[PDB]
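**Student:** Residue numbers (our numbering), protein chains in the order written: chain A, -4 to 402; chain B, 40 to 450.
Positions of the beta carbon are idealized from the N, C-alpha and C atoms, including for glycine.
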Amino acid sequence: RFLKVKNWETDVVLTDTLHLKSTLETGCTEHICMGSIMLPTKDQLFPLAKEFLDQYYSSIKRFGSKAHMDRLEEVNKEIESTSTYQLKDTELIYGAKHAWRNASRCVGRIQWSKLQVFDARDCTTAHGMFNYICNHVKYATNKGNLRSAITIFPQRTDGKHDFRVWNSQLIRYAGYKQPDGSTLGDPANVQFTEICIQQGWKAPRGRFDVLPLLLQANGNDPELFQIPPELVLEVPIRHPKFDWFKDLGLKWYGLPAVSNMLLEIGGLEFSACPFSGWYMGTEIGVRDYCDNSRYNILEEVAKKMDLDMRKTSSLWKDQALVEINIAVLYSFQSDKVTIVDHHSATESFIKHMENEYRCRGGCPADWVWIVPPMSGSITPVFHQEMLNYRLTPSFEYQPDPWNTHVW
Amino acid sequence: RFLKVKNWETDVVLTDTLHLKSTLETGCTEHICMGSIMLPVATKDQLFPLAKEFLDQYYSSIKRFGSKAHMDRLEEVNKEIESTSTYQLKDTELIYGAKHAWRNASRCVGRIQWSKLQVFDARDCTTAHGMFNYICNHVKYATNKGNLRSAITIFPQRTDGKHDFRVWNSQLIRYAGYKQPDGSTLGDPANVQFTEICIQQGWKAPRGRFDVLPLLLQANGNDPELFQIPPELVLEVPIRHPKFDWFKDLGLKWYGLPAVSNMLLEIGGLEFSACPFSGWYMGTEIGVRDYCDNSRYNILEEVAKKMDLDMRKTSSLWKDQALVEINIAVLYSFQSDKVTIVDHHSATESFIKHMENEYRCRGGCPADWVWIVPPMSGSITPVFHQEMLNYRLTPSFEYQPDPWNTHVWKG
Ligand code: HEM
Ligand code: HEM
Ligand SMILES: Cc1cc(N)nc(C[C@H]2CNC[C@@H]2NCCNCCc2cccc(F)c2)c1
Ligand SMILES: Cc1cc(N)nc(C[C@H]2CNC[C@@H]2NCCNCCc2cccc(F)c2)c1
Ligand SMILES: C[C@H](O)[C@H](O)[C@H]1CNc2nc(N)[nH]c(=O)c2N1
Ligand SMILES: C[C@H](O)[C@H](O)[C@H]1CNc2nc(N)[nH]c(=O)c2N1
Ligand SMILES: [Zn+2]
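#1: Does the beta-carbon of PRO297(B), which I'm using as the reference point, lie nearer than 6 Å to any heavy atom of ligand 4?
#2: If I'm right that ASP181(A) touches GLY170(A) with Cβ under 8 Å, what's the distance once you round it to whole angstroms?
#3: Thinking just about the alpha-carbon of each residue, which of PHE316(B), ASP199(B), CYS175(B) is nearest to the one in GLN157(B)?
#4: What would DSSP say about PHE270(A), mapped onto helix, strand or coil?
#5: What does DSSP give as the partner residue(s) for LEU179(A) in the beta ladder?
#6: Based on Cα-Cα distance, which residue from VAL51(B), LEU57(B), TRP47(B) lies nearest to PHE41(B)?
#7: Can you name the residues of chain B whose CB is closer than 9 Å to the CB of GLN194(A)?
#8: Between the Cα of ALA183(A) and those of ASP175(A), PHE203(A), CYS358(A), spot the shortest distance and give me the residue it belongs to.
#9: Mapping DSSP to helix, strand and coil, what is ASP160(B)?
#10: Beta-carbon within less than 6 Å of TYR384(A)'s beta-carbon, same chain only, minus the 5 sequence neighbours each way: which residues are those?
#11: I'd like to check one pair, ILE391(B) with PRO421(B): are the Cβ atoms closer than 7 Å?
#12: With distances taken between CB atoms, is the gap from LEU165(A) to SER254(A) smaller than 7 Å?
#13: Should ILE151(B) and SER375(B) be called a contact, given that it needs their Cβ atoms to be closer than 7 Å?
#14: Counting beta carbon pairs with one atom in the stretch 285 to 294 of chain B and one in the stretch 170 to 186 of chain B, are three or more of them shorter than 8 Å?
#15: Measure the C-alpha to C-alpha separation of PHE104(B) and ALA161(B) and round it to an integer number of angstroms.
#16: What residue range is occupied by the uninterrupted beta strand (DSSP E) comprising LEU9(A)?
#17: Say whether chain B places a C-beta atom closer than 7 Å to the C-beta of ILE321(A).
#18: What is the C-beta distance between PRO413(B) and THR353(B), in whole angstroms, given that I count them as a contact (C-beta under 8 Å)?
#19: Could you tell me whether the Cβ of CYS23(A) comes closer than 7 Å to any Cβ of chain B?
#20: Is the beta carbon of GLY295(B) sitting closer than 7 Å to the one on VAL276(B)?
#21: What span of residues does the alpha helix (DSSP H) with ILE74(A) cover, start to end?
#22: Rounded to whole angstroms, how far is the Cβ of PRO434(B) from the Cβ of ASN143(B), which I believe are closer than 8 Å?
#23: Taking Cβ-Cβ distances shorter than 9 Å, what residues in chain B pair up with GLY371(A)?
#24: According to DSSP, simplified to helix, strand and coil, what is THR192(B)?
#25: Using only the alpha-carbon positions, how far apart do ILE120(B) and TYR438(B) sit?
#26: May I ask which residues mark the beginning and end of the alpha helix (DSSP H) holding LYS92(A)?
#27: Indicate whether at least one CB of chain A lies closer than 7 Å to the CB of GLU48(B).
#28: Using a Cβ cut-off of 8 Å, which residues of the stretch 350 to 367 of chain B contact any Cβ in chain A, in chain order?
#29: So, do the stretch 153 to 167 of chain A and the stretch 206 to 219 of chain A have three or more beta carbon pairs nearer to each other than 8 Å?
#30: Would you call the stretch 165 to 176 of chain B in contact with the stretch 260 to 268 of chain B, where contact means no fewer than 3 C-beta pairs closer than 8 Å?
#31: If the cut-off is 9 Å on Cβ atoms, which residues from the stretch 364 to 398 of chain B count as contacting chain A, listed in chain order?
#32: Do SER124(B) and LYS155(B) have their beta-carbon atoms positioned less than 7 Å apart in this structure?
#33: Thinking C-beta only, is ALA361(B) closer than 7 Å to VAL148(B)?
#34: Who are the near neighbours of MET348(A) in its chain, counting only those whose CB is closer than 6 Å to its CB and skipping five residues on each side?
#35: Identify the contact partners of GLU380(A) in chain E, using a Cβ-Cβ distance below 7 Å as the criterion.
#36: Output needed for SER75(B): all residues of its chain with C-beta closer than 7 Å, excluding positions within five of it in sequence on either side, in chain order.
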């Protein structure tokens, strides 16, 4: 019942009771751990709604009060009548903040209660979505002083009338397959880029081409829109020591905005809910730039540094990795665009876990995702035992719309 | 039930069937994952089926399943169990069992090597002095003047749990740690408690930063005894940097032979509570963990100072910069002295090949991602991008409580 987690660096031991309130399954069993797998009716809706309202009314200290019972009866009647229901504004904002709070893969959760929620449930068309999204982008960017936000479009109905952002993030760079056989720009987005071209997008065919938005309103075919360039804040990447660094032609965008996930609140499904915060440096400098299947710039950089690339044992890849990540952080800071380094972000996450353990009785955390992709054991989270479990409200993955959509 | 694992960098998909054989439990449930938790007297009743599963595996491995020799062995073991409450492994079975325990060790990135393990049978050992002799021979053999060879020495199995053989050291070779009255630690802070026990047992501590600990050995449930490994048997490597001439003046060295001595080897239900085993190092074990953990030698600051790094803000990545330099130094120093070491790129690349081989030939490879991924430069190694399945197979190595916690002192 009561589970203990220990930090092996500090000997601090926390007791987890919050896991007892988990409903969804992990992928694991008593016989197998799937911890490193990336992807492991009227009757159905009422217990889900009730579970959500009970936690809501408990959060505002009105559990078992009249307003609580009343809301439950009101929902019960709407469910029996329409087969669904509508969240109050207060419940939508609570549900969204809590889905972030419950995101076990997110190191940035110390910030969870400072999320600006934009209710776009009154949206009906792709142009309307474009508008809400531009508004989200400008608000969140805030001239480089980034603020966390989520925009929430209408909830799923019959499943043939879904709102979807087809982009994986609101702002991402194009990827093109080449006559050479290699890839110009971002290889992660080769397929999406093709679809955009297939939809009529005139591709500049460069290394850092901001992708158009491809927006699906109410089950209809999606539509292309160019985000106003002045709304897309970008950072040229230079190094505080190396004068040649700027010549690599590197830049990245300031706003990380996940747009392909599904927000589940009290059994209601929000299939278009783009949300955004600000970057941890390693997401760009380690993953975006140095993954072999991404920009893969390690060879180039270590070349310019005149390193010994003969043997893996000179740690040429590791040396270059560090300089690149220094550059990313230096650039964003120099341009006054919010960014956090992995030391600061992980330190804050430990403080957050501590807060959550004493205030809420736990914090679901996925160690495989929380520990940064460089310098793991020099960050405090490496030495932190974590319990992973699934609480609702939540953000979930969903299939890429092009495998689902019927044209 | 077939389970797929994908490499997200290469798109290679593998199918696991081996996990079906798994009997033991993980710590996880359908509702909770304990994948990052460090630690999530047997009767005839339970012993014969444990013996049977094991001998079934063994006789299948040698292509003699269902043979007369297979059947006669099961009968002989069954008879030995009913008569004596336990049984003795043949030498061939002990070798197979020890190799399999390593093969099954889900936290071990070095398992490509599993079939080359030198097994030393020390089941005729009776005293601590006998243990010390077996251990010196293991160290000399394994060390091989820098050309390290993997080995394990297996002392007599548990009987009633009151006559246990134990190596009280966590590793055969490790440096003393000394807590000072001002609250600082001299040497390795990981070994302060064990160092105290040694001193109480009568060890005269030289009180330096890298004193090789004496062996503390327990035979047949008796009180443990102290022994100094001959220094000529302990290969050490002074750490220097190929470019930074001041690195040598930090005064760092490490030993060449990593030899775990506190785990329990389980084979066919028998428990070998003293089974020291050794391989060779992956650099990050020394360079990242032993040197740079805050709770270990903690040299990041001092190295960063000597490199004149900007230490005013974490975002200068001064810790990351120093970290890489230290690890370059460890590898350089070992290679220059012709002492076997593997870097984390090569070891992880080799592990992916091993794992793919295992899936093809064995139907699976249990692996603990949390442990397999190196403690620096995670995602620039191919294991970061490899989905893994963790489950428990026997024969196995298991943790056991530190013996000072459980031992009954005779006096
Ligand atoms: C405010 C600053 C934030 C930081 C520094 C941050 C950081 C991160 C990082 C490093 C990851 C791991 C992703 C990866 O490495 O590929 C992550 C994942 C995630 N984040 Fe946060 N995040 C922030 C804000 C947010 C917000 C505002 C939300 C939603 C309201 C959110 C929800 C999530 C979710 C659902 C995941 C898991 C996504 C997946 O499984 O791919 N984050 N975040
Ligand atoms: C041949 C060279 C070897 C290499 C490079 C190697 C490497 C490693 C590494 C890096 C770890 C992770 C532990 C840590 O970082 O704290 C590990 C763990 C482990 N290794 Fe290997 N190893 C080797 C040989 C062996 C041998 C010979 C055995 C037994 C016969 C073995 C059994 C284990 C076990 C049981 C663990 C888990 C330790 C624990 O859970 O505390 N290894 N090894
Ligand atoms: C809101 C926010 C802020 C910050 N700083 N950071 C984030 C994480 C996103 C940005 N950087 C990557 C990550 N979002 C990508 C989510 N999945 C990609 C990996 C993947 C591929 C295939 C199948 C899978 F199941 C998963 C979100
Ligand atoms: C045989 C061999 C070769 C190599 N290269 N490497 C190894 C792993 C050991 C050496 N370097 C670290 C590791 N063994 C260190 C201690 N292991 C137990 C971890 C632990 C600590 C506290 C509580 C727990 F539950 C568990 C073995
Ligand atoms: C196979 C493995 O689960 C996969 O590579 C994971 C590992 N940890 C990760 N951690 C983060 N933060 N982001 C990722 O994309 C991944 N990828
Ligand atoms: C809390 C966490 O499980 C613990 O720090 C683990 C993480 N991964 C590890 N991986 C290895 N190889 N060795 C370790 O000691 C650890 N420590
Ligand atoms: Zn698990």
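**Tutor:** Concretely, from the data shown:
#1: Within the second sequence, the letter at position 258 stands for residue 297(B). With a cutoff of 6 Å, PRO297(B) counts as near ligand 4, since its C-beta is closer than that to a heavy atom of the ligand.
#2: Position 186 of the first sequence, counted from the first residue, corresponds to residue 181(A). Position 175 of the first sequence, counted from the first residue, corresponds to residue 170(A). At roughly 4 Å, the Cβ-Cβ gap stays under 8 Å, so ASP181(A) and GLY170(A) are in contact.
#3: Along the second sequence, read from residue 1 onward, the residue named residue 157(B) stands at position 118. When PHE316(B), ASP199(B), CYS175(B) are compared, the shortest CA-CA separation from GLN157(B) is found for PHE316(B).
#4: Here residue 270(A) is taken as the residue at index 275 of the first sequence, counted from 1. When secondary structure is reduced to three states using DSSP, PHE270(A) falls in the strand class.
#5: Taking the first residue of the first sequence as 1, we reach residue 179(A) at position 184. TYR171(A), per the DSSP bridge assignment.
#6: Counted from its first residue, the second sequence places residue 41(B) at position 2. Cα-wise, what sits closest to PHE41(B) is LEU57(B).
#7: As a first step, residue 194(A) must be located in the first sequence, where it is residue number 199. Result: empty, since nearest Cβ-Cβ is about 26 Å, beyond 9 Å.
#8: Numbered from its first residue, the first sequence carries residue 183(A) at position 188. When each option's Cα is compared against that of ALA183(A), the closest is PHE203(A).
#9: Here residue 160(B) refers to the residue found at position 121 when the second sequence is read from its first residue. In the structure shown, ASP160(B) falls within a strand segment according to DSSP collapsed to helix, strand and coil.
#10: Stepping through the first sequence from its first residue, residue 384(A) is reached at position 389. Excluding positions up to five away in sequence, the list reads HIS14, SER17, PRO359.
#11: Working through the second sequence from its first residue, we reach residue 421(B) at position 382. Working through the second sequence from its first residue, we reach residue 391(B) at position 352. The answer is yes: Cβ separation under 7 Å.
#12: Translated into positions along the first sequence, residue 165(A) becomes position 170. Translated into positions along the first sequence, residue 254(A) becomes position 259. Inclusion of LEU165(A) and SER254(A) in the CB contact set at 7 Å is warranted, their separation being smaller than that value.
#13: Within the second sequence, numbered from 1, the residue matching residue 151(B) stands at position 112. Within the second sequence, numbered from 1, the residue matching residue 375(B) stands at position 336. No, the pair does not count as a contact, with Cβ atoms beyond the cut-off.
#14: In short, these stretches do not touch, since the Cβ pair count stays below three.
#15: Position 65 of the second sequence, counted from the start, is the residue given in the question as residue 104(B). Position 122 of the second sequence, counted from the start, is the residue given in the question as residue 161(B). Roughly 29 Å separates the two Cα atoms.
#16: Residue mapping note: residue 9(A) aligns to position 14 of the first sequence, counting from 1. Note, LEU9(A): beta strand (DSSP E), 8 to 11.
#17: Translated into the one-based positions of the first sequence, residue 321(A) becomes position 326. Yes, contact with chain B.
#18: In the second sequence, counting from the first residue as 1, residue 413(B) sits at position 374. In the second sequence, counting from the first residue as 1, residue 353(B) sits at position 314. Rounded, the Cβ-Cβ distance is 21 Å, inconsistent with contact.
#19: In the first sequence, counting from the first residue as 1, residue 23(A) sits at position 28. The beta-carbon of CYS23(A) is placed less than 7 Å from the nearest beta-carbon of chain B.
#20: For the purposes of this step, residue 295(B) is taken as residue 256 along the second sequence, with counting starting at 1. For the purposes of this step, residue 276(B) is taken as residue 237 along the second sequence, with counting starting at 1. Yes.
#21: In the first sequence, the residue the question calls residue 74(A) occupies position 79. First-last of the alpha helix (DSSP H) with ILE74(A): 61 to 77.
#22: The residue given as residue 434(B) occupies position 395 in the second sequence. The residue given as residue 143(B) occupies position 104 in the second sequence. Rounded, the Cβ-Cβ distance is 6 Å, consistent with contact.
#23: Residue mapping note: residue 371(A) aligns to position 376 of the first sequence, counting from 1. Correct list: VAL327, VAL412, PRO413, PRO414, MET415, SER416, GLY417.
#24: In the second sequence, counting from the first residue as 1, residue 192(B) sits at position 153. Note: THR192(B) maps to strand in three-state DSSP.
#25: The residue given as residue 120(B) occupies position 81 in the second sequence. The residue given as residue 438(B) occupies position 399 in the second sequence. Each residue's CA atom was taken as its position, placing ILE120(B) and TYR438(B) some 26 Å apart.
#26: Residue 92(A) sits at position 97 when you count from the first residue of the first sequence. Going by DSSP, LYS92(A) is part of the alpha helix (DSSP H) stretching over 84 to 96.
#27: On the second sequence, residue 48(B) is found 9 positions in, with the first residue counted as 1. Taking 7 Å as the threshold, the shortest C-beta distance from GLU48(B) to chain A falls below it.
#28: Legend: CB atoms of the stretch 350 to 367 of chain B lying less than 8 Å from CB atoms of chain A belong to residues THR353, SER354, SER355, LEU356, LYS358, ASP359, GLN360, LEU362, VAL363, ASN366, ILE367.
#29: Between the stretch 153 to 167 of chain A and the stretch 206 to 219 of chain A, the count of C-beta pairs closer than 8 Å reaches three or more; the two stretches touch.
#30: Three or more pairs of CB atoms, one per stretch, sit closer than 8 Å, so the stretch 165 to 176 of chain B contacts the stretch 260 to 268 of chain B.
#31: Answer in chain order: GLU364, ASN366, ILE367, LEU370, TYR371, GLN374, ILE380, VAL381, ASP382, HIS383, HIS384, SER385, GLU388.
#32: To locate residue 155(B), count along the second sequence from 1; it is residue 116. To locate residue 124(B), count along the second sequence from 1; it is residue 85. Taking 7 Å as the cut-off, the beta carbon of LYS155(B) is found no closer than this to the beta carbon of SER124(B).
#33: Counted from its first residue, the second sequence places residue 148(B) at position 109. Counted from its first residue, the second sequence places residue 361(B) at position 322. No, these two residues do not count as a Cβ contact at 7 Å.
#34: Residue numbering aside, residue 348(A) sits at position 353 when the first sequence is read from its first letter. Cβ within range, chain order: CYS358.
#35: Although the question refers to chain E, the structure presented lacks it and instead comprises the protein chains A and B.
#36: Here the question's residue 75(B) lines up with position 36 in the second sequence. So the qualifying residues of the chain are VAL409.
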